[PDB]
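S.K.: Give me a 3D structure for the following:
(chains A, B, C, D, E, F and G, ligands or ions: 99)
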Amino acid sequence: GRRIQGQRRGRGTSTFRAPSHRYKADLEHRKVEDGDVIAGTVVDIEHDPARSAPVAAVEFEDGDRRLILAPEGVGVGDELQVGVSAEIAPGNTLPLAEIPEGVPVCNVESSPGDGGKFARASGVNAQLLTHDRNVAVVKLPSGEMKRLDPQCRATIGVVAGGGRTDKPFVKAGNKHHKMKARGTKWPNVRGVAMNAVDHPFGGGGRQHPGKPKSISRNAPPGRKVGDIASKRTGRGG
Amino acid sequence: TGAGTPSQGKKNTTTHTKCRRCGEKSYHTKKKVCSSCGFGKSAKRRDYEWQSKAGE
Amino acid sequence: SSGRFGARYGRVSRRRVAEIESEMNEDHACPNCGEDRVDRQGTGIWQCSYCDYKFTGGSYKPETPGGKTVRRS
RNA sequence: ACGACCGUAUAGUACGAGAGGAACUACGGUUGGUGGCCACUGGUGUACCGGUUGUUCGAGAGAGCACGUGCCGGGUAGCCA
RNA sequence: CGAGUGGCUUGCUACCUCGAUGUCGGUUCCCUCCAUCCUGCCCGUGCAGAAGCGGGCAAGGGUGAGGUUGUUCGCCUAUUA
RNA sequence: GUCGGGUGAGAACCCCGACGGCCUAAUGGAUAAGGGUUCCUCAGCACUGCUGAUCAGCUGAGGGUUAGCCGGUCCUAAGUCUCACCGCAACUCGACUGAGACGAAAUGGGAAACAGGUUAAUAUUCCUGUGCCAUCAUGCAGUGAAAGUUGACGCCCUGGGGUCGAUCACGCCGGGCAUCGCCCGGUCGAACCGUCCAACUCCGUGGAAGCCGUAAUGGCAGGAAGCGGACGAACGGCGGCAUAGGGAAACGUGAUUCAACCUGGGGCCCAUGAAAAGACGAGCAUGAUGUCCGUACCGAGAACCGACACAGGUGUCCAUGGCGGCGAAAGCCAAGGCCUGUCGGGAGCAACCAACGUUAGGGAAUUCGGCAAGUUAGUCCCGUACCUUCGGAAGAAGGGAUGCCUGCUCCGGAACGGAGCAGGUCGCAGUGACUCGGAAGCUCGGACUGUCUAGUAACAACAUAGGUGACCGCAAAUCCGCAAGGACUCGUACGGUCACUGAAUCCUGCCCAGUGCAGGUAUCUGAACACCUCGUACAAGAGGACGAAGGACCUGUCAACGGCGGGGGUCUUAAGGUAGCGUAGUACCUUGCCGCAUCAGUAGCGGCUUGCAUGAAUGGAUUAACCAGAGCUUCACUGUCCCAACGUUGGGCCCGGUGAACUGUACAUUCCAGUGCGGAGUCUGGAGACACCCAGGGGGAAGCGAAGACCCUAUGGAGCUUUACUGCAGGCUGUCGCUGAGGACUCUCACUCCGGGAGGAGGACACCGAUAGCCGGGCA
RNA sequence: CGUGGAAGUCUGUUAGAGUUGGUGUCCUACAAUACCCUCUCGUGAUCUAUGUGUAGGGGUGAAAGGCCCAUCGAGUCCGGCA
Ligand SMILES: COC(=O)[C@@]12OC[C@]34[C@H]([C@@H](O)[C@@H]1O)[C@@]1(C)CC(=O)C(O)=C(C)[C@@H]1C[C@H]3OC(=O)[C@H](OC(=O)/C=C(\C)C(C)C)[C@@H]24
Ligand SMILES: [Cl-]
Ligand SMILES: [Cl-]
Ligand SMILES: [Cl-]
Ligand SMILES: [K+]
Ligand SMILES: [Mg+2]
Ligand SMILES: [Mg+2]
Ligand SMILES: [Mg+2]
Ligand SMILES: [Mg+2]
Ligand SMILES: [Mg+2]
Ligand SMILES: [Mg+2]
Ligand SMILES: [Mg+2]
Ligand SMILES: [Mg+2]
Ligand SMILES: [Mg+2]
Ligand SMILES: [Mg+2]
Ligand SMILES: [Mg+2]
Ligand SMILES: [Mg+2]
Ligand SMILES: [Mg+2]
Ligand SMILES: [Mg+2]
Ligand SMILES: [Mg+2]
Ligand SMILES: [Mg+2]
Ligand SMILES: [Mg+2]
Ligand SMILES: [Mg+2]
Ligand SMILES: [Mg+2]
Ligand SMILES: [Mg+2]
Ligand SMILES: [Mg+2]
Ligand SMILES: [Mg+2]
Ligand SMILES: [Mg+2]
Ligand SMILES: [Mg+2]
Ligand SMILES: [Mg+2]
Ligand SMILES: [Mg+2]
Ligand SMILES: [Mg+2]
Ligand SMILES: [Mg+2]
Ligand SMILES: [Mg+2]
Ligand SMILES: [Mg+2]
Ligand SMILES: [Mg+2]
Ligand SMILES: [Mg+2]
Ligand SMILES: [Mg+2]
Ligand SMILES: [Mg+2]
Ligand code: NA
Ligand code: NA
Ligand code: NA
Ligand code: NA
Ligand code: NA
Ligand code: NA
Ligand code: NA
Ligand code: NA
Ligand code: NA
Ligand code: NA
Ligand code: NA
Ligand code: NA
Ligand code: NA
Ligand code: NA
Ligand code: NA
Ligand code: NA
Ligand code: NA
Ligand code: NA
Ligand SMILES: [Sr+2]
Ligand SMILES: [Sr+2]
Ligand SMILES: [Sr+2]
Ligand SMILES: [Sr+2]
Ligand SMILES: [Sr+2]
Ligand SMILES: [Sr+2]
Ligand SMILES: [Sr+2]
Ligand SMILES: [Sr+2]
Ligand SMILES: [Sr+2]
Ligand SMILES: [Sr+2]
Ligand SMILES: [Sr+2]
Ligand SMILES: [Sr+2]
Ligand SMILES: [Sr+2]
Ligand SMILES: [Sr+2]
Ligand SMILES: [Sr+2]
Ligand SMILES: [Sr+2]
Ligand SMILES: [Sr+2]
Ligand SMILES: [Sr+2]
Ligand SMILES: [Sr+2]
Ligand SMILES: [Sr+2]
Ligand SMILES: [Sr+2]
Ligand SMILES: [Sr+2]
Ligand SMILES: [Sr+2]
Ligand SMILES: [Sr+2]
Ligand SMILES: [Sr+2]
Ligand SMILES: [Sr+2]
Ligand SMILES: [Sr+2]
Ligand SMILES: [Sr+2]
Ligand SMILES: [Sr+2]
Ligand SMILES: [Sr+2]
Ligand SMILES: [Sr+2]
Ligand SMILES: [Sr+2]
Ligand SMILES: [Sr+2]
Ligand SMILES: [Sr+2]
Ligand SMILES: [Sr+2]
Ligand SMILES: [Sr+2]
Ligand SMILES: [Sr+2]
Ligand SMILES: [Sr+2]
Ligand SMILES: [Sr+2]
Ligand SMILES: [Sr+2]
Ligand SMILES: [Sr+2]
Ligand SMILES: [Sr+2]
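M.R.: Numbering: from 1, shown residues only, chains lettered A, B, ... in the order given. Ligands and ions are numbered 1, 2, ... in the order given. Have a look at this structure:
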């Protein structure tokens, strides 16, 4: 047949790419040697085209203008501290060791000094639970207990822009606009509505899949469609 | 709209032009490559064995 | 508050937008003073017309039930 | 290039207990077809006359354009049913 | 039960056409056949009459309008000689 | 187009005048692309031109494009290339990372020019006048100098300032008309230099406890109004420019509405709306320099693309010319353009055809079907049902009004703006043309806007929001590459990948036996390496031991593929069809039966419904709104019909000129029968038949057009499917190499990743190379 | 009651986009997809110019096996090839 849509994706053509040239900043944490004497004042609160959540413009003590991931409640004029012995205030970045247990945290690092990987979407938060000299157990937004290094930096508080998923898109045009700002080809034509040549579920006199939808993990790209390695399907049982 | 006569009216783009190297009207001014001699693509001149019959 | 949607879309599509836009253009308290002058600027961006305080909050709410949990600890 | 039907007189008669109910013939009309014709009725009639909207020639008068008459009203000859 | 005629139904066959003989129904326009529905002339009757039933000669003329359905076919309505 | 005239050997179409027309977002003006000399002059008619030609985009020969300040040039955009690096058997190949370059001529950014005159042809380029910018030199000033500002920015609504234009008032200049005294044109004057400043912001004063303010939002003791002030706009006003220019002349003044331009206020986003060079910041004189490339003409029913002087296609600016009216609408008319959407002459001009007007009475009887046509129509007033998601339905439906003239009232600063009143008055008709909905009901489908088969399908198909399931913590899941590498990703579960269903509302039953996916697994089965036995002086080879994934086996799972019957008062194979819906776009029987409606209804609708073979995200039901979607009914309307007629315009017919093509074995005046490979102008027998030509509608030449798409055949082809055959990628898994120290474990030194670095995480694993087993229509 | 002016909102041959019916005209065409009337959308998932990217078992595809220069159930050219 012909290569399926998921195969055209990896080629990285214009249609499947993200409008990077229209994106503001790659939100990473500031690189401090040691100490704490790094503080800044929030100049502006901007809209980030990349994640739909707001982003805070901060100017530091050493005169560095960089955008940072905005938590809830952080406004213009406010002072945020970054360092080891930073004040345990919402919006401050300090390693997981220094942050007390049972406190909601965002922009958590994987390997210490990477700039933040986990809990970065609108209104989400990671929960810090257990402490040790070796490990800091953080409960990520998916409900998974991630065992992390205590030297991994994290910003205190939940991410701003919460409850975005609550209000519906209502009309196709609103989805259109959102998708034109992301790295996604939209709209989605069902495989079952295509020809046999185009997709494993294409063909027939009526629209139904050919074989069962639950595909094996070992399936090759071109065949791996539908329910990928499903442990189960349905709602009941 | 027909793919024939009414689609011919839009054809006012200039692509293939006289080539600096070989003199043929094959220099694609958008690709900056010559379709005849390979100017812009290769230092060597575009020649292929299929430009003639196998035993010639 | 979704009369712009007309006779289209349905109950839930205009009820969950009516409860969102009635608690958005509403008078909410400000963190710098005691004024109810908090209006929206965009997605997640809020501002008070009093002391020019431009802040961060939820997308449609200036404070989410999750943002109030941080104030505790 | 004529086909067929209805009606009147025959006759409430022949026939028949009654109920019911003919024909020959003589008439009048209708229908279908056919050929022709336009006094009459009807249609057309961008011949013609009138009314009138818009705009242009200054107004008036008198006109052009509005699809092959702007629109409305009347309509001779002829051609027609 | 037996003997046939037709070539309108269906079937059979594979002769003709696959370097193409344009489909069904309908329509329009022309000719024809008779195994006659009406009309003309007749014979019989379980022919009083009236209305019929059956049959004979006969193809001059006629055999129309509509409702459902693409329908052919058919069902249905009101007229009709 | 016509009548005159001009030139010419020759004139319907070349030129002049007159008369008559056509074009108004174009048939006018300026341009982009593209063309390429097509531009101008002179001379021509062999070619080209739908006829002719004295003409020409044709032939030939000459000539024509002038820039510091208009573009290019410079800058950076999506992105492209080059070099280096790495991959590759290799390259003219290939991703990343660096560096450099390229990348905008209408239409991104940008130092600077206006007015007039001039040519056969150029013109912000030449000439006259005036002006401006940059660099440099000198002189004076200046020590400031780089922080900041600008370049520089979305969509929607809106205020204020304001020019051109248009119109009104009045005056002057010129023209027109002549029953009036009305009508038309003009009344000019730039860049630049100087100056003025509304809005916004801010400061002083002030002292509001209810005031200030707006079209609207709004503002304030954290200091309102009022008062003074700093900052600060136009392509605008004002003055100069200008005893410049231009005009035959006059060579105006005020006003309203105000495109351009200037400057503010508000609202929206699960959408957030370039960058860089450059400029400003940061003076003035005088002098010098300001090179290079483009510059003609067309820009289209003849200069472009479409083989053509092609009814097609082709971007931008003029969107403010007048009446009209809501209007960038119609219709009419200026300025400007044109009579080249380029053959003519003749016939009351027949038939027949294309477009079209009007048709009495009837009124869908026409037809598969109201197809075609028609009806309705603008504006105001009154009035408006079922149903509904409360938005809508709705312009429902239905009724009335509508001109002109005289004199007025109201709103507003006013309009040459709007709303009304009284009286008079004309027509068949007052939205008098033009412009301008026919209306109502039942049903099916899809919710809706949207998408689609460029060229027979616009739909019920695709999309959609919404619903749902699946995979993944990021050194991820998913995907691309042979590799070096890469998309997703300036992303992180409120994410984004992979699928299904398809708004809302009410719901979504039962089945895990088969198949699929996933988890588990005592035991069984399970390859190679290493190891053990036999064998061989070695080797081939045979057997054993251990045993990964996988399988067996067990479990989970159906909004996973799918299933939901036969028999009787269980059987296959797990269950045995629940809500609903139902003769369905699904019902064979079938025009099912009853009812509605009609004279008559295989239609349509309601009910029943044992459903050949309905049914729950293979989603069931339902539904307001929407629809160039399918079906039906009513009112209205009508040449669709009864049944056709007359007319109009272009053809058709005759004449001049121009001038193809299809097709052609031959013969050929046929007709009725027959015969023949059973469908004959040509054979047989008869009949008929004097030749030629014009017009016609198409009976025949099994007419012309296409080596039939139907069907079969060929050890033909291709696309597609799968538990067809055989293989190939890919995934999983064992083993060997990299690979190191001390049947479970510790370590650090290779190697990997994170960190700028210090250093941190991981670690002999992972990656990579090799081999083995399993899965493997993803591909051949 | 007014103000406000929302909208994949309505009427609309505004510009512009599209293409339902006539199964009209044409069908050796004006035209190898044209003409006329009728019809649909017309502030948005809108339309459009120029520049730029994706390439052949590959693109692109709101999916019609649509489109990739009159060429598509695998473009075109030349070669294999007689
Ligand atoms: C121009 O067309 C023809 O001549 C055909 O003749 C009658 C016909 C055919 C053929 O004879 C022949 O090809 C049949 C008579 C042959 C036959 O056997 C059969 O069963 C049928 C159904 C034919 C009817 C008719 O069919 C056409 O498709 C067939 O038409 C076509 O095949 C094609 C046509 C009109 C063009 C598309 C080429 C007919
Ligand atoms: Cl999304
Ligand atoms: Cl230029
Ligand atoms: Cl305002
Ligand atoms: K045949
Ligand atoms: Mg980041
Ligand atoms: Mg969602
Ligand atoms: Mg996009
Ligand atoms: Mg879809
Ligand atoms: Mg399909
Ligand atoms: Mg396949
Ligand atoms: Mg389906
Ligand atoms: Mg389905
Ligand atoms: Mg024939
Ligand atoms: Mg007889
Ligand atoms: Mg006869
Ligand atoms: Mg009939
Ligand atoms: Mg000459
Ligand atoms: Mg000129
Ligand atoms: Mg021409
Ligand atoms: Mg009539
Ligand atoms: Mg119609
Ligand atoms: Mg007043
Ligand atoms: Mg039906
Ligand atoms: Mg639809
Ligand atoms: Mg099509
Ligand atoms: Mg459609
Ligand atoms: Mg969905
Ligand atoms: Mg979803
Ligand atoms: Mg659908
Ligand atoms: Mg029924
Ligand atoms: Mg179910
Ligand atoms: Mg054949
Ligand atoms: Mg076949
Ligand atoms: Mg094959
Ligand atoms: Mg790295
Ligand atoms: Mg295959
Ligand atoms: Mg493009
Ligand atoms: Mg198909
Ligand atoms: Na017989
Ligand atoms: Na037979
Ligand atoms: Na027929
Ligand atoms: Na007879
Ligand atoms: Na019938
Ligand atoms: Na001519
Ligand atoms: Na000025
Ligand atoms: Na006007
Ligand atoms: Na719409
Ligand atoms: Na099962
Ligand atoms: Na079923
Ligand atoms: Na539509
Ligand atoms: Na008529
Ligand atoms: Na004939
Ligand atoms: Na094929
Ligand atoms: Na209101
Ligand atoms: Na059309
Ligand atoms: Na190919
Ligand atoms: Sr980094
Ligand atoms: Sr990061
Ligand atoms: Sr299928
Ligand atoms: Sr269930
Ligand atoms: Sr184009
Ligand atoms: Sr190259
Ligand atoms: Sr070569
Ligand atoms: Sr009698
Ligand atoms: Sr009696
Ligand atoms: Sr006229
Ligand atoms: Sr008889
Ligand atoms: Sr009928
Ligand atoms: Sr039959
Ligand atoms: Sr029947
Ligand atoms: Sr022009
Ligand atoms: Sr001559
Ligand atoms: Sr000329
Ligand atoms: Sr450049
Ligand atoms: Sr420019
Ligand atoms: Sr715009
Ligand atoms: Sr104004
Ligand atoms: Sr010029
Ligand atoms: Sr044109
Ligand atoms: Sr066209
Ligand atoms: Sr004129
Ligand atoms: Sr000519
Ligand atoms: Sr008349
Ligand atoms: Sr009818
Ligand atoms: Sr009315
Ligand atoms: Sr199309
Ligand atoms: Sr639903
Ligand atoms: Sr199972
Ligand atoms: Sr049941
Ligand atoms: Sr003979
Ligand atoms: Sr003829
Ligand atoms: Sr059709
Ligand atoms: Sr024609
Ligand atoms: Sr055609
Ligand atoms: Sr018509
Ligand atoms: Sr519209
Ligand atoms: Sr709209
Ligand atoms: Sr060949």
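S.K.: which residue does chain A bring closest to RNA strand G?
M.R.: Using CB to the nearest atom of the strand, residue A:173 is the residue of chain A that sits closest to RNA strand G, at 2.0 Å. C-betas here are computed from N, CA, C, even on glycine.
S.K.: Distance of residue C:21 relative to residue C:59?
M.R.: Using CB to CB, to the nearest Å, we find residue C:21 at a distance of 12 Å from residue C:59.
S.K.: Which of the two has more residues huddled nearby?
M.R.: For residue C:21 and residue C:59, the more surrounded residue by other CB atoms under 10 Å in any protein chain shown is residue C:59, and the numbers stand at 25 against 15.
S.K.: Now the more buried one. Nearest residue, chain neighbours left out?
M.R.: In space, residue C:59 comes closest to residue A:164 once its chain neighbours are excluded; the distance is 4.2 Å by CB to CB, 6 or more residues apart in numbering or on different chains.
S.K.: Ok, residue A:132 next?
M.R.: residue A:150 is the one closest to residue A:132 (CB to CB, 6+ apart), at 7.7 Å.
S.K.: What strands flank the strand ranked longest in chain A, and is each parallel or antiparallel?
M.R.: In chain A, with assignment by DSSP state E, the single longest strand is strand A:39-47. Sheet partners assigned to strand A:39-47 using DSSP bridges are listed as strand A:54-60 (antiparallel), strand A:79-81 (antiparallel).
S.K.: mind giving me CSV with the ones you listed and columns for mean neighbour count and distance to residue A:110?
M.R.: Below are those laid out as CSV (neighbours: other CB atoms under 10 Å in any protein chain shown; distance: least, CB to CB, whole Å):
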stretch, mean neighbour count, distance to residue A:110
strand A:54-60, 22, 21
strand A:79-81, 19, 23
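S.K.: Which one, of these, ends up nearest to residue A:95?
M.R.: Ranking these by distance to residue A:95, with CB to CB as the measure, places strand A:79-81 first at 13.1 Å.
S.K.: what does that closest one contact?
M.R.: A:36, A:38-42, A:58, A:68, A:74, A:87, A:89, A:91-93 (CB atoms under 8 Å, 6 or more residues apart in numbering or on different chains).
S.K.: Tell me the helix or strand right after it.
M.R.: Next in sequence after strand A:79-81, counting helices and strands by DSSP states H and E, comes strand A:93-95.
S.K.: List the contacts of the helix or strand that that next one is followed by.
M.R.: Using DSSP H and E, the helix or strand that follows strand A:93-95 in sequence is strand A:104-106. By CB under 8 Å, 6+ apart, the surrounding residues in contact with strand A:104-106 are A:69, A:71, A:96, A:99, A:119-120, A:124-128, A:138, A:154-159, C:66, C:69-70.
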